[PDB]
Structures are given as structure tokens and as C-alpha cells.
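Protein chains in written order, with PDB author numbering: chain C, 1 to 239; chain A, 1 to 239; chain B, 1 to 239. Think of the CB as a built atom: it goes at the ideal place given N, C-alpha and C, for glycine as much as any other residue. Each remark here refers to the structure printed beneath this line.
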């Protein structure tokens, strides 16, 4: 159903959804590569506190990239320059018992741009939900190690100051990769990232990289001071 | 093997094939979007018995869109502006027992256009065949309900007067869809519909929508007066 | 890791690799369709037994097209006009015990172009290796029958002299195809062959055709005298 449309204002109101939905359709007249600052926040209000957080001010570009990895890709039309379908459940849709509601908020929107949010209903119900988390670096240290066990997909920022990325697998082996090799391996599973309205296809964003994590327990970043490196990890778990 | 090449005339003769073929190849110098009124009729003729009707004056555009949904698509070359492969059986060629033949007819052709036909045979014989059926919703009526039990793929005409499309599933649940949401969901399975000669790709047709039906038993169309809504459904069964 | 960067010379020096790499990355500023005479040669020198010859002066175009069939395809970036990822092992990497090492060389390059080699390692080791072989049909031979049992992919040069090509399957059936039908069948598996820098995709080469051999035990070529035909076949086996 048509959840909301936003135009003119720089911040969407607290959008409330009561019926069970499983996926969100985000449409805009701004291209995917032109998203700069817009952020989204989605949660489920269970009652007297103890609400479930699925996304806390996650960047829209990272949210779109982390959800359209694989056979699918972002779409375009003659009326909308960017369409993306992002799922929130594994197979069916979120189940709300008595008074739970899904609250969605948009922040840092552009004044002269239009956005539209739609919700997709499903005939099934499920308790397996997707969770988004954010990790960063202090930007004043050369190297840092993070643990990515459980997560099956990551979106990393791309900068010229990142030298090495070390993957530590579940069997103890450690493999070092360069950004070029990382991008080449990334573009081997999902060759196409988006299709433009005119007909051209873009096979990758110039400053974001999608990494699938299979049997990977650790990621080490070897970089140089001067920039902040951001990772957005996606996981699936039962609430 | 090559079947026929048609030019100049507006009606192809009733071509007869005796070799057991498994699929057809349709090639023409007009793009897939440029097809307007061409119709195809394919059936199996038995010398002593009842005819087997697969397609009866089915639109060529709908036939191609039904047969080329999935990983594949319709391609193009320098000589031919449209090349498509259409499957007739499930995983083999149609088996002719005693006095069976395949009759193919093309009608409502354009005078100055070329239409070729090719046949593809397989080393296996199977009894599963694909059947095409046509359904309509009139223009003087507001809403309708059509039973789509047993089918797995439909193609609906696209008009600016359709309001809602409702799916009733096998478990009794009812889900309402907007045309925009339905198009977005349809493109979520097959991102690309055709590739042009220059290099640009077209991800859909402006007046056709392909609906993959899974465990759906009813479709309810809600619209306003002004146009006729046409559905072409495909099914698989044994003869 | 980075193996070598070749620029200015017409023959790359012999390169020795000691680490157990799993795949190679070929990057160059020459488009995929623009390669004419570049050749590669890879072989493993083993201190216990006999040396393993993987590629013996295989053309770069055929070597690249043999590895990028399926969902993957050769890509491009701003700096590099052609990037390809070619696997040398089935799932893991080549096993080297104590001193056995891989040796790679490039031949018949162009002085005013650029080439690079990258190596990709894997956390696992395997003995299943990929082998490339070359078959030839002379100019004075009207027809020729070859045994492609055990192979899984072939690359042929499209020529106007070739008239028919017949598959012989395991069950004994023989099916004859034309070049047009062969190309159409091939393009139904991998619709897109490469993506250029400006966003236009290319769905195939104008002089090379890729044939997937599934349950095929013989290939017969019928042509007219005048031209030579070359097949590049790929196979997987345990050493």
C-alpha cells in the first residue's frame, strides 16, 4: 500500500504502519549514485518500551545496496529515476500481535526532491527479521580488526587510503586482499548493480563496495590516517 | 532446421512439420516493442483422432513474453532486430506416435516485414506440453474475478485505468496490489526483458506486464470504464 | 597479490609463483574484442613426478571466454578497459608441497599497450585442475568428427565456410544445427557476455562462439574447403 510521499520538507514525520508488511518499496526522482546524506530509521514498537530496532539512522545508499544484492537490482522508469525493493523478513512478513506498529522515519532529505514509500503485504507470517548494524574506525589509527561472525553481507566505504583487507575464516586461514582484487571478486557474483532509465547499466558504485561473508570470522583493515571507514553489516535472526 | 521465411504477403500458409521439434525460434527485423497485431497459431494434427490445440490466434508479443520469462530474454543481431526462442515441451521434443504433425500459421502480418521460423529438436521425447489460454475483461464493466488455478504465468495488458489487482491464494488470504507495486515485484525476478542491437537494454514493455503466479487461485481486477483488459495465461500438462 | 605489469615489451618474462593461488585476474587497457594475437602459457613444475601442462600457448580471447561463461562476465573500470577473472582450480587452489611452483608467461603482445597479472588465493587446497586443449580442422577437409567426451565447454571461431555442426549425445541420437541456431541456443544460457565502460553491454563476439557441451560425446563439423577451424576446449580432472 501507499505508505507515504515526502516533498519539500527536509524530514519525514513519524510514519506508522499497523497492518503486517514484509517489504518496502523506496522510489525517488534522484538517481542512486546521487544519494549523499539521506538516512532511514525503522523500528517496531512492542509496547511499554523494549521496542525492536531494525535500522537506526542507516544511510539510504547503504540500505539499498545491502538489500538488492544478487539476481535483482535497482529499477528505473520514465516517472521515477530510482526504485528499490528492500525486504524486512526472511520468507513472509512481520507479525504484530495486539498493539505493535512499525515506525519509519526519514532524515537529512533534500529540500527540492521527492520520495515515496510503499509497503508490500504477504500472505505468510514469520519471526525471522533482518537487522542492520554499523561499524567504524577512529580515523587516527593505522589498522583495526573487527569480528563479522554471523553477518552474511557487508557494505564498506571506498577510499584511496585503504591499503590491505585481511580475511580470517573459520578454519584459521588468513588471506590478504587489495581493493582492486576485492572489487573484482565482488563483481563476480553480482555483475550488474543498477539499470538506468535511458538504457545504460552501472555495474558498481564508485565509493561503495559489497562484500559477501561466507565462513568468515574476522576482518582486518590496514589503512592510513585521514578518513573514516564505515561498514554496514546485515544479519538475519529470530526476534 | 529452417521452417519458412515470410515477406511481402500478410498471411503465412499453414506450414507443416513432420520432424519432432522441441522449440521454435522467431526472428524478425522489427523490435519486440514494435509488434502490433501479428498472431500465431500452433497445433498438433492427428490423422485419425482429435486435434491438439496449443495456441489459437495468440498475439505474437504475448507468446514471446510468456516463453521468454526468466534468466533468458530476447536478443538481437545485425541482420535480425528481434530473435526469440520459445519452448513447446518441458524438457524435450514433442513425441509423434503414428500420424502426428505440427501445424503452424502466422496471420495479420505487415506487408513490408520479414518473419522467419526455425525449429529446434532434442534427443529426448516427452509428453508434457505448454498450453496458452486467453481471458478478457470488458470495458463497460467495473470489476471482475477470474480463476487462475493451475496456471503458473500470465501476461496482462497495461492501461492507465486499472485501479487495483487482488490476489487470492490457496490458503484463503487476500492481498491487494497497486499496478506500480505489481510492476516492481514483476521486475524483481527478471530484471531485463530484452537487449537491443546498439547495446541498450529494455527492462519491460510499456503496455504489457508479466505476472508469475505461485499458489494463487483467484485474480480480481478493479478498474474504470474505457478499455478492455486482456490476460494470456500459460500452463503445462500431459496429452 | 600482484604478479607482474607488462608495458613496452612484446614478450613477458617468465614469471614464477610459489604461493598457492586459486585464480588469475587479467587486466588491460585493450578491449576484449580488440585482442588479436596475445597468448598465455601456464604450467606447474613439480619435484616429484611429471610437470603439469595446463595451458600451452592459448589465445587470450579464448582463454578469457572459457572462464567467464555462466553468470560471471568480464567487466571494466575507468583505468582498465578489460578485467577478467579466470579460475584455475575447481573450488580451492592448486596444492604445492615443498618446492613445486607455477610458471606463467605471455607471448605476442603489443609494444604500446599495457597488461597486468593478479593472483587470488583460497583458504582451501584441491587437486582438481582445469585443462585447456586445442583441436584443429584443416582447410582441405570437407567434414571432421571429434570426440568431446569428458569436456564441458568449447569455443569456436565463427566462419562463413562452416555449414553444419552435429551433436552426438550419450544415448546415441545425432542432432544437426546451423550456426544461427547454435548461436541462439548459446545465448539462452549466458545472455550477456561483457559490459563496457560507457554502460553498453555486449552479448557476444562477432568472431567467437561459445558452446556448452552437456551429455555430448561427439561433435561433427561439415563445411566447405578454404578455411581452417580452431576449437578451444576446457576440461576438469583430478591430478
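Residues near residue i by beta carbon distance below 8 Å, same chain, minus five either side
i	result
residue 237/A	128, 129 and 131
residue 208/A	61, 62, 65, 155, 156, 157 and 158
residue 58/C	39, 40, 41, 132, 134 and 232
residue 217/B	147, 148, 149, 168, 169 and 170
residue 211/C	153, 154, 155, 156, 182 and 186
residue 141/C	225
residue 81/C	28, 29, 30, 31 and 197
residue 95/C	20, 125, 126 and 127
residue 97/A	none
residue 215/C	169, 170 and 171
Per-residue DSSP class, three states only, for residue i
i	result
residue 14/B	coil
residue 20/C	coil
residue 220/C	strand
residue 64/B	helix
residue 193/A	coil
residue 142/A	coil
residue 274/C	Residue 274/C falls outside the range modelled here, since chain C spans only 1 to 239, and no answer is possible.
residue 91/B	coil
residue 38/B	coil
residue 46/C	coil
residue 5/A	strand
Spatial neighbours of residue i in its chain, beta-carbon cut-off 7 Å, leaving aside the 5 residues before and after
i	result
residue 55/C	40, 41, 42, 63 and 132
residue 151/C	213, 233, 234 and 235
residue 23/C	85, 86, 87, 88 and 120
residue 46/C	52 and 100
residue 8/B	111
residue 137/C	144, 221, 228 and 229
residue 115/B	6, 28, 106 and 109
residue 239/C	52, 127 and 129
Neighbourhood of residue i by C-beta, 6 Å cutoff - its chain only, sequence neighbours within 5 removed
i	result
residue 222/A	143, 163 and 164
residue 166/B	174, 176 and 220
residue 53/C	43
residue 67/C	86
residue 1/A	119
residue 83/C	27 and 75
residue 268/B	There is simply no residue 268/B to check, as chain B begins at 1 and stops at 239 in what is shown.
residue 161/C	223, 224, 226 and 227
Bridge-paired residues (DSSP) for residue i
i	result
residue 167/C	175/C and 219/C
residue 230/A	136/A
residue 28/B	82/B and 115/B
residue 214/A	None; residue 214/A has no bridge partner.
residue 157/A	208/A
residue 58/C	40/C
residue 240/A	No answer is possible for residue 240/A: the residues shown for chain A start at 1 and end at 239.
residue 147/C	218/C
Self-check item: 3 or more residues per run - each beta strand (DSSP E) lying fully within the segment 95–133 of chain C
Solution: 101–107 and 114–120
Quiz item: Looking at C-beta atoms only, is the number of pairs between the segment 91–105 of chain B and the segment 71–81 of chain B that lie closer than 8 Å three or more?
Solution: Counting C-beta pairs with one atom in each stretch, the segment 91–105 of chain B and the segment 71–81 of chain B have fewer than three that are closer than 8 Å, which means they do not touch.
Quiz prompt | At least three beta-carbon pairs within less than 8 Å, the segment 85–93 of chain A to the segment 9–22 of chain B | solution = They do not touch, by the three-pair rule.
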